[PDB]
Trainee: 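Please see the structure below; I have some questions.
Lettering follows sequence order; numbering is per chain, from 1. Atoms considered below: every heavy atom in the structure, side chains included; atoms not considered: hydrogens, waters and symmetry mates.
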Amino acid sequence: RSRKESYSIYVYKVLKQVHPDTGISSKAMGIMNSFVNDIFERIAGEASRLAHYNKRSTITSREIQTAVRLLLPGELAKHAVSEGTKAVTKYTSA
Amino acid sequence: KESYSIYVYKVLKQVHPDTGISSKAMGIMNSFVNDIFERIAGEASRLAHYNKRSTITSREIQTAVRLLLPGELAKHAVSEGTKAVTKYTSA
Amino acid sequence: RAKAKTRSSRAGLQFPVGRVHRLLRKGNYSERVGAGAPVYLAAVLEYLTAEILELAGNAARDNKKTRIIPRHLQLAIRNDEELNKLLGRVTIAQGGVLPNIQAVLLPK
Amino acid sequence: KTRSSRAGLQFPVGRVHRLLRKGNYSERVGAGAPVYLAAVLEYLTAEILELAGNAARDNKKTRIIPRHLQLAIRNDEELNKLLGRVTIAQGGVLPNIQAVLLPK
Amino acid sequence: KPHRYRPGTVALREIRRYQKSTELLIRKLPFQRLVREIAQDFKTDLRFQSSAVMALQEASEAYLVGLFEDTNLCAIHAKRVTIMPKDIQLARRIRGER
Amino acid sequence: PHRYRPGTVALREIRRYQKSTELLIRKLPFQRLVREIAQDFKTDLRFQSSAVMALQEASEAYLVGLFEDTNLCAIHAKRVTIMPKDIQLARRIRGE
Amino acid sequence: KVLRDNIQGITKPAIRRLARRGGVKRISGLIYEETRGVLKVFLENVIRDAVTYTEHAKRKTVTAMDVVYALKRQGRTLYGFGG
Amino acid sequence: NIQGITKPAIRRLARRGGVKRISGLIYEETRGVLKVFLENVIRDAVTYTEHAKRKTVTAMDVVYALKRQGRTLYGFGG
DNA sequence: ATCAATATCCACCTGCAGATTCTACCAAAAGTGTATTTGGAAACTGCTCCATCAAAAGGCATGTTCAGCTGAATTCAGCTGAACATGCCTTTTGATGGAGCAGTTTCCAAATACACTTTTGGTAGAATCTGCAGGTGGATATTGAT
DNA sequence: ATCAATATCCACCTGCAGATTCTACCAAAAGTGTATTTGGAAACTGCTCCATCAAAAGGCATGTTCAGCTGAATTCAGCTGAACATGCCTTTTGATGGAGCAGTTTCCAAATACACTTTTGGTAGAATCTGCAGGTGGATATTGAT
Ligand SMILES: [Cl-]
Ligand SMILES: [Cl-]
Ligand SMILES: [Cl-]
Ligand SMILES: [Cl-]
Ligand SMILES: [Mn+2]
Ligand SMILES: [Mn+2]
Ligand SMILES: [Mn+2]
């Protein structure tokens with residue numbers, strides 16, 4: 001009766017991009033949903049503290065970036081920072 | 001800005017009227033009070049959220065204390081907290 | 001009167017910028033959220049999801065399956081040094097463990 | 001006429017309330033929340049100061065220093081657990097030599 | 001004459017076999033009774049979503065398997081091949097569990 | 001000429017340093033080490049003195065705690081001597 | 001009917017299987033009781049918090065999310081049970 | 001400069017840790033372990049420094065860095 | 001197990017350095033009083049799922065026997081690490097000079113908030129599609145040997 | 001370096017339980033307009049830290065000697081793994097009743113808002129107070145010799 005939201009259709013779209021003829025089981029989709037929620041909270045929680053430490057009332061893409069650098073290992077952080085920067089510059093041109 | 005020093009000091013004079021505390025030790029107590037404040041407030045924040053509530057009440061503080069503190073510390077804490085709220089509400 | 005285009009399509013993303021924004025605002029993270037914040041965040045969640053699905057998809061093809069299951073996810077993460085670090089305190093339900101027998105235990 | 005005085009507390013209720021409102025924890029804060037919280041903080045503080053005071057008089061000093069806080073916490077099973085991941089600066093460690101290392 | 005594998009041979013096959021699979025290794029109904037018994041001692045008349053028991057079982061087994069891995073390292077370190085309570089105890093102590 | 005037996009001075013030292021709380025690493029060499037590591041991240045960094053001191057407090061407590069675990073690993077192997085393999089077991093079980 | 005002694009239902013063969021997954025080749029006879037006590041402490045700790053969340057929510061039913069939050073609190077994040 | 005962490009200082013740390021006898025290989029092993037530790041903490045502390053657009057690492061930066069890593073240091077606040 | 005000779009520890013003592021307290025001012029928190037709004041507790045109620053039961057099949061726990069090989073104990077040597085003496089040098093600590101940071105304030109353009117209205121992407125079931133769970137048999141590898 | 005006995009590998013086959021695709025309703029993004037906030041370019045100022053220098057004070061580096069710890073070798077008792085039979089109880093799957101999630105509504109106790117007034121904690125010099133940096137001698141432990 002009630003609407004239950006989740007990241008499933010987005011995980012699925014990214015799945016078709018990387019492996020067009022590969023599917024995913026429902027348990028495996030539940031694992032990906034947990035993964036997306038977990039990283040969301042980690043980054044958002046770090047960004048919150050960063051703003052609070054710096055007496056800022058606003059979380060901007062800059063806090064997100066620093067959170068990513070604090071949370072992700074090595075080359076993952078680099079590629080994440082690249083994708084995030086690209087998406088923001090692209091969006092702003094729109 | 002601020003610290004808990006004068007409050008820590010007042011409580012020291014309550015349990016040990018003749019004992020003092022060094023500056024470095026007062027600094028450790030300040031970190032202690034800040035650390036626990038944050039642990040409880042954060043848990044209380046998460047509790048309200050999970051339950052789709054926009055308000056942190058004394059009930060969230062209590063449950064957060066029960067989640068965070070061990071055993072007998074939890075029991076006395078919950079007592080001190082309920083006692084203060086009851087004394088406050090009638091006053 | 002303008003015709004709607006989603007923030008995700010503007011950002012060139014698959015993940016939902018609008019939802020991530022709402023989730024940032026409703027989560028008590030800060031009083032205000034900049035316009036670029038949910039875009040950058042969505043792009044990062046999308047990138048990480050891609051990385052994991054890439055490797056797990058590879059693990060499924062290796063044991064001859066067309067469908068990713070939790071095992072392939074676990075193989076993907078634990079055989080990757082950065083994913084393993086990131087998810088070092090995470091339990092994957094129905095993940096099992098990497099095959100690994102200490103040498104001293106094998107027969108002479 | 002302070003909220004702290006109404007609640008019978010030494011710890012600052014008005015301050016704890018401000019800190020709760022400003023720390024992004026929820027949109028609203030109940031009237032009882034900062035009273036209950038201040039009383040828990042005061043109580044935990046008294047517990048440690050009682051034990052650290054005892055620890056100080058036992059090594060014959062009148063003034064608590066970080067060593068005494070560490071002795072207090074590490075010798076108490078519930079505080080040790082609460083503060084298991086905490087480093088007390090200038091605290092040192094509990095004297096403790098594994099039995100197998102001693103002579104005879 | 002009747003065939004007999006040497007001690008250790010069959011154990012190694014079991015290691016390979018269970019490290020290959022992902023199924024729960026504790027019988028489900030006895031685990032459920034255990035979870036109910038313990039929860040009941042915290043508050044009476046509790047019910048469980050079926051998936052809440054299964055979450056407890058996934059988490060428990062993952063914990064125990066991870067601990068046996070660490071226990072196995074402590075036993076090998078002492079130049080044994082047999083795990084003993086002192087190995088579990090060393091593992092939990094260094095983990096900060098005890 | 002007078003000579004303590006092996007292990008007697010060592011036990012005397014354990015008792016001395018478990019009683020005391022002073023930092024055990026020399027301050028300047030440590031300050032130098034922290035500055036070097038930091039430069040590979042950003043070259044014009046300054047440090048508050050209390051910031052170098054937080055790093056030293058944190059570092060020493062970390063190493064002392066690690067030596068406790070290391071010592072338990074050595075003892076477990078019926079040794080009284082800590083070895084790199086004990087350090088490694090300890091860090092491995094810790095998740096380092 | 002009264003639930004009693006259900007830790008004893010975690011059998012020696014199940015404990016052996018778990019150790020096998022953990023790479024263990026030989027097992028002392030004292031390990032089985034030791035493991036039962038360790039599992040009990042673990043489950044007590046997780047279930048205690050999950051029920052605390054259940055009570056706070058004023059429910060009589062423990063949910064998977066109560067268990068997920070309890071596990072999260074204790075530094076053991078579990079994936080696959082959110083929805 | 002890691003070498004400036006001397007065998008005697010490392011011996012003292014082990015003594016506080018309750019250690020009676022010490023292998024000669026321990027000293028190099030310990031230097032690498034400390035190095036890894038300090039890299040990780042200083043890397044994050046500096047990240048907080050940069051985010052604030054400061055050029056000076058503060059004690060609070062180090063405290064935040066240590067916290068991020070599951071180590072809470074008391075006495076330097078804040 | 002004593003004894004004497006040695007080396008180090010550790011109570012005890014006490015002036016004075018520097019911690020603590022006193023003296024005093026004052027923004028900014030905290031409190032008050034009053035006016036309004038509103039989150040959420042109560043009281044329902046429908047509809048999921050949870051508890052419970054049961055049979056039947058057979059999977060798997062349990063119990064037993066027995067011997068391989070492991071842990072425990074003992075003995076012994078070489079070689080490493082502890083204890084020193086020796087003397088050369090790195091660290092402490094105590095100042096100085098001065099620049100180059102942070103921390104404040106003001107003040108508008110640029111950014112974000114948020115209510116209302118349109119529009120459509122996301123969800124829930126329904127309808128289809130189809131990997132692969134299971135249930136085979138055979139090929140191939142491994143094991144332990146008389 | 002064969003053989004017999006076992007277990008494991010590893011395709012094959014195919015209906016159906018589970019995954020995917022489709023459809024339609026509608027909740028929530030999106031577009032718009034306008035009210036608030038905010039972060040920042042400027043323009044200051046006073047702490048801080050960095051750089052440098054030098055006098056000694058401990059503290060480290062070094063080499064030698066040898067106590068004794070580690071690791072290898074060896075031996076043996078008994079524990080734990082492997083293999084069986086037996087039969088208990090888990091697993092399946094299927095049905096049923098109903099507790100109690102959730103979804104909805106109504107409406108106050110309890111929250112936020114805001115103007116105005118007092119109180120107080122932070123702050124910094126000055127004034128006093130008293131723990132401890134050191135400096136012992138005696139107390140305590142340790143050692144080699146009997
Ligand atoms: Cl932004
Ligand atoms: Cl309240
Ligand atoms: Cl044992
Ligand atoms: Cl080694
Ligand atoms: Mn019971
Ligand atoms: Mn309402
Ligand atoms: Mn005052």
Trainee: Using a cut-off of less than 4.0 Å, is there contact between a side-chain N or O of F:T81 and OP1 or OP2 of J:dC69?
Mentor: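 Checking J:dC69 against F:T81, no side-chain N or O comes under 4.0 Å of OP1 or OP2.
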Trainee: Do any of residues 25-36 of chain E sit with a heavy atom less than 4.0 Å from DNA chain I, and if so which?
Mentor: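 The stretch gives E:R27, E:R36 as the residues lying under 4.0 Å from the strand, ordered by number.
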Trainee: To 10°, what angle do the rotation axes through the five end pairs on each side of the helix from I:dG15-J:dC132 to I:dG87-J:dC60 form?
Mentor: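 The angle separating the two end axes equals 70°.
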Trainee: Generate the contact string for nucleotides 42-49 of chain I. Rules: B means base contact, S means sugar-phosphate contact only, - means no protein heavy atom under 4.0 Å.
Mentor: --------
Trainee: Should the pair B:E2-D:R15 be classified as a salt bridge under the 4.0 Å nitrogen-to-oxygen rule?
Mentor: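 Salt bridge between B:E2 and D:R15, a charged N being under 4.0 Å from a carboxylate O: yes.
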Trainee: What one-letter contact string describes nucleotides 106-117 of chain I from 5' to 3', where B marks a base within less than 4.0 Å of any protein heavy atom, S marks contact via sugar-phosphate atoms alone, and - marks no contact?
Mentor: ------SS----
Trainee: For the nucleotides J:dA133 and I:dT14, establish whether a Watson-Crick or G-U wobble pair is present, both distances being less than 3.5 Å.
Mentor: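 Between J:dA133 and I:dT14, no qualifying pair exists.
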Trainee: Give the B/S/- string for nucleotides 123-146 of chain J, one per nucleotide from 5' to 3', where a protein heavy atom under 4.0 Å of the base yields B, of only the sugar-phosphate yields S, and otherwise -.
Mentor: S-------SS---------SSS--
Trainee: Is the shortest side-chain N/O distance from C:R7 to OP1 or OP2 of J:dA30 below 4.0 Å?
Mentor: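 Result: yes.
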Trainee: Once side-chain hydrogen bond (donor to acceptor under 3.5 Å, both in side chains) is applied, do any residues pair with G:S28, and if so which ones, sequence neighbours excluded?
Mentor: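 Checked G:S28 against side-chain hydrogen bond (donor to acceptor under 3.5 Å, both in side chains); zero matches.
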Trainee: If J:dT142 has a Watson-Crick or G-U wobble mate with both distances under 3.5 Å, name it; if not, just say none.
Mentor: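 The answer is I:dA5, by the H-bond criterion.
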Trainee: If I take atom CG from residue A:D21 and atom CZ from residue C:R61, how far apart are they, to the nearest 0.5 angstrom?
Mentor: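 Reported value, rounded in 0.5 Å steps: 8.0 Å.
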Trainee: Report yes if at least one side-chain N or O of A:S2 is closer than 4.0 Å to OP1 or OP2 of J:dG103; otherwise report no.
Mentor: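 Result: yes.
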